[PDB]
Structures are given as structure tokens and as C-alpha cells.
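A.B. asks: What follows is query_7.pdb, PDB, C-alpha atoms and all ligand atoms.
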ATOM      1  CA  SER A   2      16.153 161.738 100.394  1.00  0.00           C
ATOM      2  CA  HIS A   3      18.920 159.970 102.004  1.00  0.00           C
ATOM      3  CA  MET A   4      22.211 158.308 102.321  1.00  0.00           C
ATOM      4  CA  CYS A   5      23.159 157.382  98.866  1.00  0.00           C
ATOM      5  CA  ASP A   6      20.749 159.284  96.590  1.00  0.00           C
ATOM      6  CA  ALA A   7      23.463 160.669  94.290  1.00  0.00           C
ATOM      7  CA  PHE A   8      24.821 157.097  93.686  1.00  0.00           C
ATOM      8  CA  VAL A   9      21.525 155.572  92.561  1.00  0.00           C
ATOM      9  CA  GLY A  10      21.346 154.807  88.846  1.00  0.00           C
ATOM     10  CA  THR A  11      22.871 152.868  85.971  1.00  0.00           C
ATOM     11  CA  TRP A  12      26.498 153.725  85.324  1.00  0.00           C
ATOM     12  CA  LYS A  13      28.532 152.584  82.301  1.00  0.00           C
ATOM     13  CA  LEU A  14      32.345 152.247  82.303  1.00  0.00           C
ATOM     14  CA  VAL A  15      33.974 154.876  80.116  1.00  0.00           C
ATOM     15  CA  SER A  16      37.667 154.799  81.199  1.00  0.00           C
ATOM     16  CA  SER A  17      40.040 152.642  83.107  1.00  0.00           C
ATOM     17  CA  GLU A  18      43.627 153.143  84.203  1.00  0.00           C
ATOM     18  CA  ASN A  19      46.008 150.538  85.620  1.00  0.00           C
ATOM     19  CA  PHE A  20      43.365 147.914  86.114  1.00  0.00           C
ATOM     20  CA  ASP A  21      45.666 145.133  84.751  1.00  0.00           C
ATOM     21  CA  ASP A  22      48.254 146.061  87.426  1.00  0.00           C
ATOM     22  CA  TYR A  23      45.599 146.135  90.125  1.00  0.00           C
ATOM     23  CA  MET A  24      44.380 142.661  89.044  1.00  0.00           C
ATOM     24  CA  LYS A  25      47.991 141.342  89.049  1.00  0.00           C
ATOM     25  CA  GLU A  26      48.466 142.661  92.573  1.00  0.00           C
ATOM     26  CA  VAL A  27      45.241 140.972  93.694  1.00  0.00           C
ATOM     27  CA  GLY A  28      46.477 137.645  92.245  1.00  0.00           C
ATOM     28  CA  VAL A  29      44.151 137.340  89.251  1.00  0.00           C
ATOM     29  CA  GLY A  30      45.366 134.943  86.600  1.00  0.00           C
ATOM     30  CA  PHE A  31      46.322 135.739  83.032  1.00  0.00           C
ATOM     31  CA  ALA A  32      43.183 134.566  81.157  1.00  0.00           C
ATOM     32  CA  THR A  33      40.787 136.252  83.611  1.00  0.00           C
ATOM     33  CA  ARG A  34      42.806 139.485  83.446  1.00  0.00           C
ATOM     34  CA  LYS A  35      42.621 139.557  79.667  1.00  0.00           C
ATOM     35  CA  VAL A  36      38.886 138.822  79.354  1.00  0.00           C
ATOM     36  CA  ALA A  37      37.785 140.849  82.401  1.00  0.00           C
ATOM     37  CA  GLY A  38      39.925 143.820  81.293  1.00  0.00           C
ATOM     38  CA  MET A  39      38.027 143.986  77.948  1.00  0.00           C
ATOM     39  CA  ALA A  40      34.596 144.379  79.496  1.00  0.00           C
ATOM     40  CA  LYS A  41      32.748 147.704  79.765  1.00  0.00           C
ATOM     41  CA  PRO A  42      30.492 146.903  82.719  1.00  0.00           C
ATOM     42  CA  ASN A  43      27.342 148.633  83.931  1.00  0.00           C
ATOM     43  CA  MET A  44      27.216 149.313  87.663  1.00  0.00           C
ATOM     44  CA  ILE A  45      23.564 149.485  88.775  1.00  0.00           C
ATOM     45  CA  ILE A  46      23.052 150.991  92.232  1.00  0.00           C
ATOM     46  CA  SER A  47      19.714 151.057  94.078  1.00  0.00           C
ATOM     47  CA  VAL A  48      18.484 151.555  97.641  1.00  0.00           C
ATOM     48  CA  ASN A  49      15.437 150.149  99.417  1.00  0.00           C
ATOM     49  CA  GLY A  50      15.274 151.239 103.059  1.00  0.00           C
ATOM     50  CA  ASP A  51      18.621 150.432 104.698  1.00  0.00           C
ATOM     51  CA  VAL A  52      19.570 147.921 102.012  1.00  0.00           C
ATOM     52  CA  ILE A  53      21.871 149.041  99.183  1.00  0.00           C
ATOM     53  CA  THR A  54      22.151 146.816  96.069  1.00  0.00           C
ATOM     54  CA  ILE A  55      25.062 147.101  93.609  1.00  0.00           C
ATOM     55  CA  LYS A  56      24.886 144.979  90.480  1.00  0.00           C
ATOM     56  CA  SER A  57      27.680 144.666  87.942  1.00  0.00           C
ATOM     57  CA  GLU A  58      26.606 143.557  84.487  1.00  0.00           C
ATOM     58  CA  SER A  59      29.120 142.692  81.909  1.00  0.00           C
ATOM     59  CA  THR A  60      30.068 140.457  79.050  1.00  0.00           C
ATOM     60  CA  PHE A  61      32.607 138.882  81.437  1.00  0.00           C
ATOM     61  CA  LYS A  62      30.378 138.108  84.423  1.00  0.00           C
ATOM     62  CA  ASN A  63      27.270 139.421  86.164  1.00  0.00           C
ATOM     63  CA  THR A  64      27.512 139.879  89.908  1.00  0.00           C
ATOM     64  CA  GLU A  65      25.382 141.410  92.655  1.00  0.00           C
ATOM     65  CA  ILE A  66      25.791 142.462  96.257  1.00  0.00           C
ATOM     66  CA  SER A  67      23.149 143.693  98.725  1.00  0.00           C
ATOM     67  CA  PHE A  68      24.232 145.048 102.101  1.00  0.00           C
ATOM     68  CA  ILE A  69      23.658 147.302 105.071  1.00  0.00           C
ATOM     69  CA  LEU A  70      26.393 149.860 105.815  1.00  0.00           C
ATOM     70  CA  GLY A  71      28.799 148.652 108.473  1.00  0.00           C
ATOM     71  CA  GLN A  72      27.540 145.052 108.453  1.00  0.00           C
ATOM     72  CA  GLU A  73      29.911 142.391 107.101  1.00  0.00           C
ATOM     73  CA  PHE A  74      28.729 140.034 104.375  1.00  0.00           C
ATOM     74  CA  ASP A  75      29.931 137.201 102.125  1.00  0.00           C
ATOM     75  CA  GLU A  76      30.812 138.131  98.576  1.00  0.00           C
ATOM     76  CA  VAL A  77      31.879 136.080  95.563  1.00  0.00           C
ATOM     77  CA  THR A  78      33.826 138.363  93.311  1.00  0.00           C
ATOM     78  CA  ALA A  79      33.694 138.224  89.490  1.00  0.00           C
ATOM     79  CA  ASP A  80      37.097 136.479  89.516  1.00  0.00           C
ATOM     80  CA  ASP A  81      35.741 133.860  91.935  1.00  0.00           C
ATOM     81  CA  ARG A  82      37.365 134.977  95.203  1.00  0.00           C
ATOM     82  CA  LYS A  83      35.350 134.160  98.324  1.00  0.00           C
ATOM     83  CA  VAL A  84      35.724 137.299 100.381  1.00  0.00           C
ATOM     84  CA  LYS A  85      34.293 138.856 103.515  1.00  0.00           C
ATOM     85  CA  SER A  86      33.243 142.445 102.751  1.00  0.00           C
ATOM     86  CA  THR A  87      32.225 145.510 104.707  1.00  0.00           C
ATOM     87  CA  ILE A  88      30.996 148.726 103.107  1.00  0.00           C
ATOM     88  CA  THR A  89      30.751 152.035 104.959  1.00  0.00           C
ATOM     89  CA  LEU A  90      30.071 155.687 104.038  1.00  0.00           C
ATOM     90  CA  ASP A  91      32.989 157.962 104.909  1.00  0.00           C
ATOM     91  CA  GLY A  92      32.588 161.577 104.087  1.00  0.00           C
ATOM     92  CA  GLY A  93      30.149 160.799 101.294  1.00  0.00           C
ATOM     93  CA  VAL A  94      32.384 158.082  99.767  1.00  0.00           C
ATOM     94  CA  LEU A  95      31.332 154.414  99.746  1.00  0.00           C
ATOM     95  CA  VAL A  96      34.331 152.488 101.094  1.00  0.00           C
ATOM     96  CA  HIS A  97      34.288 148.724 100.334  1.00  0.00           C
ATOM     97  CA  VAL A  98      36.880 146.484 101.991  1.00  0.00           C
ATOM     98  CA  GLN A  99      37.282 142.842 100.871  1.00  0.00           C
ATOM     99  CA  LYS A 100      39.202 140.377 103.074  1.00  0.00           C
ATOM    100  CA  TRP A 101      40.360 136.895 101.962  1.00  0.00           C
ATOM    101  CA  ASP A 102      43.326 134.584 102.574  1.00  0.00           C
ATOM    102  CA  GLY A 103      44.970 137.162 104.867  1.00  0.00           C
ATOM    103  CA  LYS A 104      44.791 139.794 102.062  1.00  0.00           C
ATOM    104  CA  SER A 105      42.743 142.969 101.805  1.00  0.00           C
ATOM    105  CA  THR A 106      41.695 145.366  98.992  1.00  0.00           C
ATOM    106  CA  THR A 107      39.716 148.624  99.209  1.00  0.00           C
ATOM    107  CA  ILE A 108      37.359 149.946  96.547  1.00  0.00           C
ATOM    108  CA  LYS A 109      36.098 153.534  96.891  1.00  0.00           C
ATOM    109  CA  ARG A 110      33.080 154.811  94.921  1.00  0.00           C
ATOM    110  CA  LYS A 111      32.633 158.599  94.746  1.00  0.00           C
ATOM    111  CA  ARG A 112      30.404 161.021  92.858  1.00  0.00           C
ATOM    112  CA  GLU A 113      32.461 163.657  91.038  1.00  0.00           C
ATOM    113  CA  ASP A 114      30.720 165.989  88.635  1.00  0.00           C
ATOM    114  CA  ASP A 115      28.407 163.778  86.505  1.00  0.00           C
ATOM    115  CA  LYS A 116      30.643 160.706  86.968  1.00  0.00           C
ATOM    116  CA  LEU A 117      31.042 157.854  89.385  1.00  0.00           C
ATOM    117  CA  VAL A 118      34.793 157.497  90.021  1.00  0.00           C
ATOM    118  CA  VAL A 119      35.970 154.165  91.412  1.00  0.00           C
ATOM    119  CA  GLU A 120      39.400 153.869  93.002  1.00  0.00           C
ATOM    120  CA  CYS A 121      40.659 150.312  93.542  1.00  0.00           C
ATOM    121  CA  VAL A 122      43.703 149.827  95.793  1.00  0.00           C
ATOM    122  CA  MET A 123      45.765 146.682  96.460  1.00  0.00           C
ATOM    123  CA  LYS A 124      48.916 147.342  98.427  1.00  0.00           C
ATOM    124  CA  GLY A 125      50.786 150.105  96.538  1.00  0.00           C
ATOM    125  CA  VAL A 126      48.795 149.746  93.306  1.00  0.00           C
ATOM    126  CA  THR A 127      45.787 151.966  92.457  1.00  0.00           C
ATOM    127  CA  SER A 128      43.412 151.677  89.515  1.00  0.00           C
ATOM    128  CA  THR A 129      40.905 154.405  88.600  1.00  0.00           C
ATOM    129  CA  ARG A 130      37.724 153.513  86.716  1.00  0.00           C
ATOM    130  CA  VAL A 131      35.302 156.167  85.598  1.00  0.00           C
ATOM    131  CA  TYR A 132      31.597 155.473  84.898  1.00  0.00           C
ATOM    132  CA  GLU A 133      28.986 157.792  83.292  1.00  0.00           C
ATOM    133  CA  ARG A 134      25.161 157.660  83.408  1.00  0.00           C
ATOM    134  CA  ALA A 135      23.796 155.060  81.029  1.00  0.00           C
TER     135      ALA A 135
HETATM  136  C1  LIG A 201      37.906 146.432  91.868  1.00  0.00           C
HETATM  137  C2  LIG A 201      36.361 146.297  91.882  1.00  0.00           C
HETATM  138  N1  LIG A 201      35.729 146.216  90.537  1.00  0.00           N
HETATM  139  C3  LIG A 201      35.805 147.483  89.777  1.00  0.00           C
HETATM  140  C4  LIG A 201      34.622 148.365  90.061  1.00  0.00           C
HETATM  141  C5  LIG A 201      35.863 145.004  89.845  1.00  0.00           C
HETATM  142  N2  LIG A 201      36.650 144.110  90.446  1.00  0.00           N
HETATM  143  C6  LIG A 201      36.941 142.929  89.792  1.00  0.00           C
HETATM  144  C7  LIG A 201      36.397 142.585  88.566  1.00  0.00           C
HETATM  145  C8  LIG A 201      35.460 143.502  87.963  1.00  0.00           C
HETATM  146  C9  LIG A 201      34.746 143.191  86.740  1.00  0.00           C
HETATM  147  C10 LIG A 201      33.449 142.716  86.740  1.00  0.00           C
HETATM  148  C11 LIG A 201      32.781 142.468  85.564  1.00  0.00           C
HETATM  149  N3  LIG A 201      33.363 142.596  84.362  1.00  0.00           N
HETATM  150  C12 LIG A 201      34.687 143.013  84.330  1.00  0.00           C
HETATM  151  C13 LIG A 201      35.336 143.324  85.513  1.00  0.00           C
HETATM  152  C14 LIG A 201      35.179 144.712  88.630  1.00  0.00           C
HETATM  153  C15 LIG A 201      34.137 145.628  88.104  1.00  0.00           C
HETATM  154  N4  LIG A 201      32.884 145.611  88.542  1.00  0.00           N
HETATM  155  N5  LIG A 201      32.234 146.544  87.813  1.00  0.00           N
HETATM  156  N6  LIG A 201      33.080 147.118  86.973  1.00  0.00           N
HETATM  157  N7  LIG A 201      34.290 146.521  87.138  1.00  0.00           N
HETATM  158  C16 LIG A 201      36.776 141.296  87.912  1.00  0.00           C
HETATM  159  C17 LIG A 201      38.248 141.219  87.487  1.00  0.00           C
HETATM  160  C18 LIG A 201      39.222 140.926  88.620  1.00  0.00           C
HETATM  161  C19 LIG A 201      39.253 141.884  89.754  1.00  0.00           C
HETATM  162  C20 LIG A 201      37.913 142.028  90.470  1.00  0.00           C
END
Turn this file's structure into C-alpha cells for me.
C.D. replies:
Amino acid sequence: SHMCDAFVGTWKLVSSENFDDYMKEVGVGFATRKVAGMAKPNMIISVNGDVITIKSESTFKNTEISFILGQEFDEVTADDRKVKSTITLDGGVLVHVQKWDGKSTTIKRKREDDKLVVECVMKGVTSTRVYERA
């Protein structure tokens, strides 16, 4: 057992707060905000050795990242940003920073009770998304 055992699984979105405001702050356009905001994605997290894979499956877009903690990688986000990302573990929380066009956003994934709670921050705007086991 190891680094991210309590994150591994299939997690389904059950609540979201302020995600439209988060997306506006990020610079996402109107049509993508409306269609992406409808989706109820599954977040599928797995680990093989040092490599963590996080897939997002949704009616909007399917995406996938695989990474090693602390090691920067290229990511294409579901809204089509080309970002440079680094994900670390800080006190048991996965902390994901995306950098692009001189901007930055931080996404934190934490296990709380039987949920995976995702906090998404862009400047002064926070969105909280809660996922449950599928
Ligand atoms: C903040 C990180 N993150 C939330 C965990 C997401 N960021 C984004 C998007 C989605 C998204 C993917 C698939 N379908 C609908 C939405 C998600 C997501 N991934 N998994 N669940 N929501 C695209 C909309 C624009 C902003 C970027």
C-alpha cells in the first residue's frame, strides 16, 4: 500500500458549486461553459508503480493524464488549453498546478469521508466539486 491508495477508484460527480464563476475566471467561453457545466463526469484514478493516471469521462469530453509526482508534463485540458502541469502530494492532498499564457490555476483533490472533494482555484474564485464512488 502506498501513496495514493485512498484515491484509487471510479468517482462520479454529485455536486458542484461556483464552477461557472471558476470557468469565467479561467477565460472559458460561453458555449463551453454551458455544455461543460451540464456534465456529470467520472474521475477514474489508478496507480501503476510511480505513475498515476487520472481519466475524466464525460458527455462533454474525455481526457486523461498520466504523471509522476513532482515532474512537469504537458496537458491539454477539456476546454482545449495547452498547459504545463505539475502534481504533488502535500499532506495527503493531490495538488495540481496548471500554467499557461502567464496564468496559473490550482486544483486540489482530497479524500473526505467517502467522498473525493475537488477544490478549483483561479485568482480569488474557488469552485468545490464533490464526487462519490461509482
Ligand atoms: C478544474 C478541474 N476540473 C474539475 C475536476 C475540470 N476542469 C475543466 C473542465 C472539466 C470538465 C471535464 C469534462 N466534462 C466537464 C467538465 C473539469 C472536470 N474534470 N472532471 N470533472 N470535471 C472543462 C471545463 C472548463 C474548465 C476546465
A.B. asks: What separation in Å, quoted to one decimal, exists between atom CA of residue A:53 and atom CA of residue A:38?
C.D. replies: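 A separation of 25.9 Å between them.
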A.B. asks: May I ask for the distance between atom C8 of ligand LIG 201 (chain A) and atom CA of residue A:91, given in Å to one decimal place?
C.D. replies: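 Result for atom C8 of ligand LIG 201 (chain A) versus atom CA of residue A:91: 22.4 Å, one decimal.
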A.B. asks: Show me which residues line ligand LIG 201 (chain A), defined as having an atom within 7 Å of a ligand atom where only C-alpha atoms and all ligand atoms count, and present them as a PyMOL selection string.
C.D. replies: chain A and resi 14+24+29+33-34+37-38+40-44+57-63+78-80+108+119+121+130
A.B. asks: Taking the file as shown, what set of residues would the PyMOL selection byres (((chain A and resi 109) around 10) and not hetatm) give back, as a PyMOL selection string?
C.D. replies: chain A and resi 88-91+94-98+107-108+110-111+118-122+129
A.B. asks: Write a file of the selected residues as a compact mmCIF listing (two decimals), in the coordinates of the input, keeping C-alpha atoms.
C.D. replies:
# COMPACT_ATOMS: atom_id res chain seq x y z
CA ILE A 88 31.00 148.73 103.11
CA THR A 89 30.75 152.04 104.96
CA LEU A 90 30.07 155.69 104.04
CA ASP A 91 32.99 157.96 104.91
CA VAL A 94 32.38 158.08 99.77
CA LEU A 95 31.33 154.41 99.75
CA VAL A 96 34.33 152.49 101.09
CA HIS A 97 34.29 148.72 100.33
CA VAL A 98 36.88 146.48 101.99
CA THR A 107 39.72 148.62 99.21
CA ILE A 108 37.36 149.95 96.55
CA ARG A 110 33.08 154.81 94.92
CA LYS A 111 32.63 158.60 94.75
CA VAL A 118 34.79 157.50 90.02
CA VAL A 119 35.97 154.16 91.41
CA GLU A 120 39.40 153.87 93.00
CA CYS A 121 40.66 150.31 93.54
CA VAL A 122 43.70 149.83 95.79
CA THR A 129 40.90 154.40 88.60
A.B. asks: Check what the PyMOL selection byres (((chain A and resi 87) around 10) and not hetatm) selects in the file above and give those residues as a VMD selection string.
C.D. replies: chain A and resid 68 to 76 84 to 86 88 to 89 96 to 100 107
A.B. asks: Could you check how far atom CA of residue A:9 sits from atom CA of residue A:54, in Å to one decimal?
C.D. replies: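 Taking atom CA of residue A:9 as the start and atom CA of residue A:54 as the end point, the length is 9.5 Å.
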A.B. asks: Can you work out which one of A:49, A:13, A:104, A:92 has the shortest atom-to-atom distance to residue A:123, counting only C-alpha atoms?
C.D. replies: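 Selected residue with least distance to residue A:123: A:104.
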A.B. asks: Go through A:19, A:113, A:26, A:93 one by one, measure the shortest atom-to-atom distance of each to residue A:6 using only C-alpha atoms, and give the residue with the smallest value.
C.D. replies: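 Closest candidate: A:93.
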A.B. asks: Have a look at A:45, A:126, A:55, A:39 and name the one nearest to residue A:17; count all atoms listed in the file.
C.D. replies: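 Of the candidates, the smallest distance to residue A:17 is held by A:39.
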A.B. asks: Give the answer as one residue: which of A:15, A:131, A:66, A:46 has the shortest atom-to-atom distance to residue A:114, using all atoms listed in the file?
C.D. replies: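 Closest candidate: A:131.
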A.B. asks: Would you mind telling me which residue in A:27, A:32, A:77, A:52 lies nearest to residue A:4 when using all atoms listed in the file?
C.D. replies: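 Ranking A:27, A:32, A:77, A:52 by distance to residue A:4, first place goes to A:52.
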A.B. asks: Between A:10, A:65, A:35, A:106, which residue has the minimum interatomic distance to residue A:128, considering only C-alpha atoms?
C.D. replies: A:106
A.B. asks: Centre and edge lengths, as lines of an AutoDock Vina configuration file, for the axis-aligned box enclosing every listed atom of stretch 45-51 of chain A with 6 Å of padding on each of the six sides, in Å to one decimal?
C.D. replies:
center_x = 19.4
center_y = 150.5
center_z = 96.7
size_x = 20.3
size_y = 14.1
size_z = 27.9
A.B. asks: Starting from the displayed file, determine the output of the PyMOL selection byres (((chain A and resi 135) around 6) and not hetatm) and express the residue list as a list in words.
C.D. replies: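 Selection result, ordered by chain and number: residues 11, 12, 13 and 134 of chain A.
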